There are 2 protein chains.
Amino acid sequence: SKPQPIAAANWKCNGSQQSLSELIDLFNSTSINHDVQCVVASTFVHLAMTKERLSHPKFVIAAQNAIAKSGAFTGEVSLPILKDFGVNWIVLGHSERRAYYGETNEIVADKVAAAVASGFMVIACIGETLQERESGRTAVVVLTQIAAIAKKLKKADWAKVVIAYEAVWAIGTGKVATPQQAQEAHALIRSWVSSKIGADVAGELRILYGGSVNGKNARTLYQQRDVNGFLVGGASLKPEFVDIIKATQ
Amino acid sequence: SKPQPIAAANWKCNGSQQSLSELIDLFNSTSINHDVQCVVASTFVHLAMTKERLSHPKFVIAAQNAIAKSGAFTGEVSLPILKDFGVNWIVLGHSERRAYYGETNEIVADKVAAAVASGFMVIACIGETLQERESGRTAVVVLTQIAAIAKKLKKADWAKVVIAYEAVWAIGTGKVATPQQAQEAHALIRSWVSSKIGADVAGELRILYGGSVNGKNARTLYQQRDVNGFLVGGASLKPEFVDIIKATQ
């Protein structure tokens, strides 16, 4: 048995007010009989409606991104802004931001540490591409990313840290990730944390699977020793997200 | 005559729920006797409240950025999302996003083209830096930037285009933008438009001044022939933004 699992919805850059309203209420309707933190990471635009319309005691809201401080940064949203808005959870370092929007390992780490310092619960994303997996660089890449983050934190910080292992290599590539492959990656990350931060931090840490997660595959993913729940992409916009949460029992 | 002026508030990455609420109600309180579009560009997070709480007939809400389409773009907000949210104005290509967030001339142009195609009113920002100006490259840079935008648009598109001339070189630098320098930038711009797009377009086009504007300089800036209002930064978070609106009379 395990730390409290997390079922996190990464809606990404998606939703309409009507589509999202209905999903929120489906989420509200769910009876969750176990301890699980559910999280909905909507676009910035949708944070208001979600905050107001989502009333479920097991759900919190998150941002999908931020910058560290307010000021002369047109188009961007900052941590104190989110904080003032009552958002206390945030996803940082998503593969898409690292790929498209200039988030290097250091930029992500700095954002994580800034969010940790401001009181956020952080879902810090790491993980490797297909090309990196196929060139034998899974451990090099993933451990590099997490080392970059961890050197910006101190022990106390890890209470507020969640690590999402995005198996990007396993999303839309032909390669469907087995529970074993998932487990093998999560084990790698947990051993690293044990060895580098300590076995007590490693035992408390939630490591989320953020490859392709759906209603069908979640339970058998979740059952693996070192999988503590999920950061869900496209399925999180659908009813089966409920079955993903249920799969964390 | 001058076309309808625009008084636009760029809040940049600033505001709390309480601070912004008070500011919005001041804006609601204003009595505006002349024809002017006031626009409030808040952070994505504050769009819901601004929309809900701003009730003034001369005001519209705007975003400070978007990407073209919805999808797997964690952290970003798209044009369709904004549209579904009732947001029909947008500021694109702000100096800060060009400087910090990878927006080349092409990227801005592409965003502007997509927003226009989507039915948005677009405040497209151009302008040179202090050292561009002091190397004698004002006209090179500014006309380069508008050309990159214009080549992706067609004639009928321009009814939805506003140009904001950001006098970046004049904000916090010690260099003083006289009304004469504002006017000659604006004239360069409208000349270009007249000569490259058409004198009819150029006569209808709002070219907003977006160097340092405050309640004290605004009237004198407005009275220049080629200035059609303002994209105000710091002063837009303050009461004197009302005086800036009044100055477009």
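What counts as what
Residues numbered from 1 in each chain as written, not as in the entry; some residues may be left out. Chains lettered and ligands numbered in written order. Heavy atoms only, no water. UniProt positions renumbered as here; feature names shortened; annotations may be inferred. Helix = DSSP H or I, 4+ residues; strand = E, 2+ residues; numbered from the N terminus. Contact = heavy atoms within 4.5 Å. Buried < 20%, exposed > 50% of the residue type's maximum accessible area, 1.4 Å probe, protein only. Axes fitted to C-alpha atoms, helices over the stretch in contact; angles between N-to-C directions. Parallel < 35°, antiparallel > 145°, perpendicular 65-115°, else oblique. Left-handed = near helix turned anticlockwise from the far one by under 90°. Nonpolar A, V, L, I, M, F, W, Y, C, P; charged D, E, K, R; others polar. Buried area = accessible area lost by both parts, 1.4 Å probe. Salt bridge = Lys/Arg side-chain N within 4 Å of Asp/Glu carboxyl O. 1 Å grid on protein atoms, 1.4 Å probe; cavity = no way out; pocket = protein on both sides within 12 Å on 5 of 7 lines; lining within 4 Å. Points joined across faces, edges and corners; volume = space filled by probe spheres on them.

- In the annotation of the PDB entry, chain A is listed under the name TRIOSEPHOSPHATE ISOMERASE, GLYCOSOMAL and assigned to Trypanosoma brucei brucei.
- As stated in UniProt under Sequence similarities, the record for chain A gives "Belongs to the triosephosphate isomerase family."

### Description of the UniProt feature "binding site: substrate" in chain A
Part 1 of the argument: UniProt feature "binding site: substrate": in the numbering of this structure it lies at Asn 10 and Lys 12 of chain A.
Part 2 of the argument: Along the polypeptide, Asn 10 of chain A turns up in strand 1 (residues 6-10).
Part 3 of the argument: With residues up to four places along the chain from it excluded, the contact list for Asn 10 of chain A reads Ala 41, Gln 64, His 94, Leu 231, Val 232, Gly 233 and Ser 236 of chain A together with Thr 74 of chain B.
Part 4 of the argument: Relative to the helices and strands, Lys 12 of chain A resides in the loop between strand 1 and helix 1 (17-29).
Part 5 of the argument: Judged by its relative accessible area of 15%, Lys 12 of chain A falls in the buried class.
Part 6 of the argument: For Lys 12 of chain A, the contacting residues outside a window of four places in its chain are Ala 41, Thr 43, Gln 64, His 94, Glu 96 and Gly 233 of chain A together with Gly 71, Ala 72, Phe 73 and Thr 74 of chain B.

### Quick look at the packing of helix 7 (residues 138-150) of chain A against helix 8 (residues 179-196) of chain A
All names here are of chain A.
Part 1 of the argument: Running from amino to carboxyl end, helix 7 crosses helix 8 at an angle of 40°, the nearest separation of the two axes being 11 Å. Comparing the axis directions of helix 7 and helix 8 gives the class oblique. For the pair helix 7 and helix 8, the sense of crossing is right-handed. Residues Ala 139, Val 142, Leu 143, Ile 146, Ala 147 and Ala 150 of helix 7 lie in contact with helix 8, whose contacting residues are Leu 188, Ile 189, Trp 192 and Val 193.
Part 2 of the argument: Partitioning the contact of helix 7 with helix 8 into residue classes produces ten nonpolar, no polar and no charged.

### A look at the interface of chain A and chain B
Part 1 of the argument: Between chain A and chain B, the residue contacts involve 37 residues of the former and 36 residues of the latter.
Part 2 of the argument: Both faces considered, chain A and chain B share a buried interface measuring about 3,100 Å² in area, 58% of it formed by carbon and sulfur atoms.
Part 3 of the argument: Among the residues chain A hides against chain B, the three largest losses belong to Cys 13, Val 45 and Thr 74 of chain A. Together they make up 25% of the total.
Part 4 of the argument: Counting across the chain A and chain B interface gives two salt bridges.
Part 5 of the argument: With a shortest N-O distance of 3.0 Å, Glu 76 of chain B and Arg 97 of chain A are connected by a salt bridge.
Part 6 of the argument: Among the secondary structure elements, those contributing two or more residues to the side of chain A that touches chain B are helix 2 (47-53), helix 3 (79-84) and helix 4 (95-100) of chain A.

### Notes on empty space enclosed by the protein
Part 1 of the argument: On inspection of all chains with the given rule, the structure shows one cavity of 30 Å³ or more.
Part 2 of the argument: Its boundaries defined by the atoms lining it, the largest cavity holds a volume of some 40 Å³.
Part 3 of the argument: Lining the largest cavity are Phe 44, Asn 65, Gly 75 and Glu 76 of chain A together with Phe 44, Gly 75, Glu 76, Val 77 and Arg 97 of chain B.
Part 4 of the argument: Residues belonging to the lining of the largest cavity are distributed by class as follows: three nonpolar, three polar and three charged.

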